[PDB]
Participant: 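The structure follows.
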Amino acid sequence: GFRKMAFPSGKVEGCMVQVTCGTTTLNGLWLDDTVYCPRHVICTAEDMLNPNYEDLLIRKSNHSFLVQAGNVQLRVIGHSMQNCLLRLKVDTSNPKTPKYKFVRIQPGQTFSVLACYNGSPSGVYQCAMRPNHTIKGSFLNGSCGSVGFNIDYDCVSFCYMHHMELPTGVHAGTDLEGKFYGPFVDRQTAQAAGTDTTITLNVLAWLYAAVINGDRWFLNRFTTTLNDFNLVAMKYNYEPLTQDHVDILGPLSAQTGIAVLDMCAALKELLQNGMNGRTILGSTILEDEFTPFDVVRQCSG
Amino acid sequence: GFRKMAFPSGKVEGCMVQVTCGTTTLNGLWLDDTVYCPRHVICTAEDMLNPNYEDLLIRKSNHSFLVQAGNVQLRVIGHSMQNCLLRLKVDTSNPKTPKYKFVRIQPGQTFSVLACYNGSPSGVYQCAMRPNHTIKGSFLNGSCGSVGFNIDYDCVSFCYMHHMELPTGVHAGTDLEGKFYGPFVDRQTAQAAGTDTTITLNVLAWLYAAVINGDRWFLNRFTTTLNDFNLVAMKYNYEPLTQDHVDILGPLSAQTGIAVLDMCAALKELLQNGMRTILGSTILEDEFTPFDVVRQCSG
Ligand SMILES: *[C@@](O)(CO)[C@H](C[C@@H]1CCNC1=O)NC(=O)[C@H](CC(C)C)NC(=O)c1cc2c(OC)cccc2[nH]1
Ligand SMILES: *[C@@](O)(CO)[C@H](C[C@@H]1CCNC1=O)NC(=O)[C@H](CC(C)C)NC(=O)c1cc2c(OC)cccc2[nH]1
């Protein structure tokens, strides 16, 4: 079969802690002797409308922060601001720290989210970095500080820390350097994102995954040039496909025997005609949150 | 919006091992000093076509089993078969054993699956046990012995151990007592599942989830008996509701003030007259249980 699959979250669960400053509590990520968390933990409800973060942070001391790993309190021995995050130095190192890296994910790429509440892991799901730099996640009150990550041979690449839910229900956050993805700001305001687009490379990978798993009703005897495909794709708010993206689909094309441009012609027909009550891999819409890597990993190992 | 979400898998990852007999390898579950795994690990590829498990197990000794946590071997000191599983006693009690229970889930219930290969966890996803006793999973060669589970208050309830991929691409397995879900058997044969039906309980949970989010156009001024609903639902390939299903809907019914039977009358009208959108599609979702809805609406 074919399902949306997240990385096993164990390596990340062992890093989640709770951070409290006054009456504000959120999640933190404890790696070696540092705890990372969103900086708005230092704000009161009144500060959040227009916070002068450097001004608010200089008024805090080490004992202002209560850090808890389960029932155990970790003593904060230093603090510094890391863009929209705080870096809290603690007096003990996390023995459960995996091999890790901090990466800045690009639009179209996917990652797993470990949703946490009060320092306790609660759920794990897969998300994609949207072209408009939001993520379509599922986060409730207390989820700030939850992280997004990928795993490669026991190394955890952390790429996202959660901060905000927009009025439309989509989400905004930062990388682990504290830099927001997109034009968002950590202030208590209603913020709109730019117009989103469909991740074309991922839709094509998902159509290849459908062929690999028996679904091929949408295929046709036609072909298209890359430019003619891109003209139709842009008309429907889909990202243009570059020659680099065609090359990425090489392995999936060689596996199914379907040329990349032949799959583009099938997608062009789907965009123009529609699905007309039919389904692809159980879905009634074109799915764009599976990368070619996600498809290859799930079908081949 | 709603999405499939799995439980954090760490407590289960700490229990995954690999079990090998000859060149046949699969996954096992290590809890305290016992390792549970599919009994077909004792078969060569040719033995699987028509195996006599009792006879095949007589010639296996404790020294025949290679159990590994990573590349660390755990010595087997006892073995027994329990239905379609093997229970191997090992010389080491797993320090990472969470608080746990073994449960046999009912059709319609959801659970997380930790797909494993060679004892190494690879991915996690949420599955629903279909009324035909299959799951629409994603499994490759080497996935046998992967487990399904739910976590409630740091207690892991194990409910599924993977054994087979049917010719239609759906999957079959057993509970942690080795009893298959459905009429399947552990042999290398093409087996067919019965025709599947829609999980009525979960469609009702999805309607309550829509009401919780302010989408309530489909509610009507009538009610139905459970029997009248069951008779109409079966004409639409929907499962009949049981007293347990009505009980499970208790919290959602109290939260919205919609009696379960009043919601069945709304669903009955949707079935007989069609659909407009709900949350906000024309297709009703049947893989989110009443617990899944509460978990994503209330937190
Ligand atoms: C964090 O848990 C707070 O620590 C929280 C997570 C969201 C709550 C619900 N779902 C979530 O994803 N984030 C916030 O509450 C942030 C805090 C900022 C960065 C200081 N704020 C918002 O997400 C936010 C504020 C407003 C708003 O105002 C006025 C109006 C409309 C939307 C909105 N979202
Ligand atoms: C286990 O990993 C074996 O240890 C394996 C898992 C499947 C392989 C691929 N995807 C999976 O989910 N299970 C099997 O290979 C089982 C072994 C049995 C229980 C002894 N066999 C099947 O799943 C199986 C056999 C046949 C078949 O024959 C002939 C014909 C059609 C389908 C089919 N499935």
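Indexing begins at 1, ligand by ligand and atom by atom, following the structure's order. Protein chains get the first letters and strands the later ones, always in sequence-line order, with residue 1 at the start of each.
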Participant: Could you find the nearest protein heavy atom to atom 26 (C) of ligand 1 and give me its residue, atom name and distance?
Facilitator: A:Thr189 O, 3.6 Å

Participant: For ligand 2, which is the ligand I care about here, please tell me if B:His40 has any N or O atom under 3.5 Å from one of the ligand's N or O atoms.
Facilitator: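 Yes, there is a polar N/O contact under 3.5 Å.
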
Participant: Can you list the atoms of ligand 2 that are under 4.0 Å from a heavy atom of B:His171?
Facilitator: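 Once the distances to B:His171 are compared, the set is 12 (O).
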
Participant: As a quick check of understanding, evaluate ring-ring contact (aromatic ring centres under 6.0 Å, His included) for B:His133 and B:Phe180, giving each step before the final call.
Facilitator: CA-CA 9 Å; B:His133 320 288; B:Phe180 261 91; over 10 Å; no

Participant: If you count heavy atoms of other groups shown closer than 6.0 angstrom to CG of B:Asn71, is the number above 12?
Facilitator: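 Not more than 12 within 6.0 Å, no.
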
Participant: Taking atom types as modelled, is there a side-chain donor on A:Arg297 or B:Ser122 under 3.5 Å from an acceptor on the other?
Facilitator: yes

Participant: Salt bridge between A:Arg104 and A:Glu177, side-chain N to carboxylate O under 4.0 Å?
Facilitator: no

Participant: Write out the residue and atom name of the closest protein heavy atom to atom 22 (C) of ligand 2, then the distance separating them to 0.1 Å.
Facilitator: B:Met164 CE, 3.9 Å

Participant: Quick one: nearest non-hydrogen protein atom to atom 6 (C) of ligand 2, plus distance?
Facilitator: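 In this structure, atom 6 (C) of ligand 2 has B:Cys144 SG, 3.3 Å as its nearest protein heavy atom.
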
Participant: I need the nearest protein heavy-atom contact for atom 9 (C) of ligand 2: residue, atom name and distance, please.
Facilitator: B:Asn141 OD1, 3.5 Å

Participant: Please compare A:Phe180, A:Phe139, A:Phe184, A:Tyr117 and report which has the shortest non-hydrogen distance to atom 10 (N) of ligand 1.
Facilitator: A:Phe139

Participant: Distance under 4.0 Å to a non-hydrogen atom of B:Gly142: what atoms of ligand 2 satisfy this?
Facilitator: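 In order of numbering, the contacting atoms are 2 (O).
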
Participant: Under 6.0 Å from the six-membered ring centre of A:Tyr125 and within 45° of its axis: does the NZ or CZ of B:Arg3 meet both?
Facilitator: yes

Participant: Measure from the side-chain N and O atoms of A:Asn83 to the backbone N and O of A:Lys179, and report whether any donor-acceptor pair falls under 3.5 Å.
Facilitator: no

Participant: Do the side-chain N and O atoms of A:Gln68 and A:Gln73 include a donor-acceptor pair separated by under 3.5 angstrom?
Facilitator: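 Result is yes, a qualifying pair exists.
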
Participant: Give the contacting part of A:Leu140 toward ligand 1: side chain, backbone, both or neither, where contact means a heavy-atom distance below 4.0 Å.
Facilitator: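 Backbone only; the side chain of A:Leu140 stays clear of ligand 1.
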
Participant: If you measure from atom 14 (C) of ligand 2 to every heavy atom of B:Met48, B:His162, B:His163, B:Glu165, which option wins on shortest distance?
Facilitator: B:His163

Participant: Relative to atom 15 (O) of ligand 2, which among B:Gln191, B:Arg187, B:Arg39, B:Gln188 owns the nearest non-hydrogen atom?
Facilitator: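 Considering heavy atoms of B:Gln191, B:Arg187, B:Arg39, B:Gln188, the nearest to atom 15 (O) of ligand 2 sits in B:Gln188.
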
Participant: Are B:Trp206 and B:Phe2 an aromatic pair, judged by ring center distance below 6.0 Å?
Facilitator: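 B:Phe2 vs B:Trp206: aromatic centres under 6.0 Å.
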
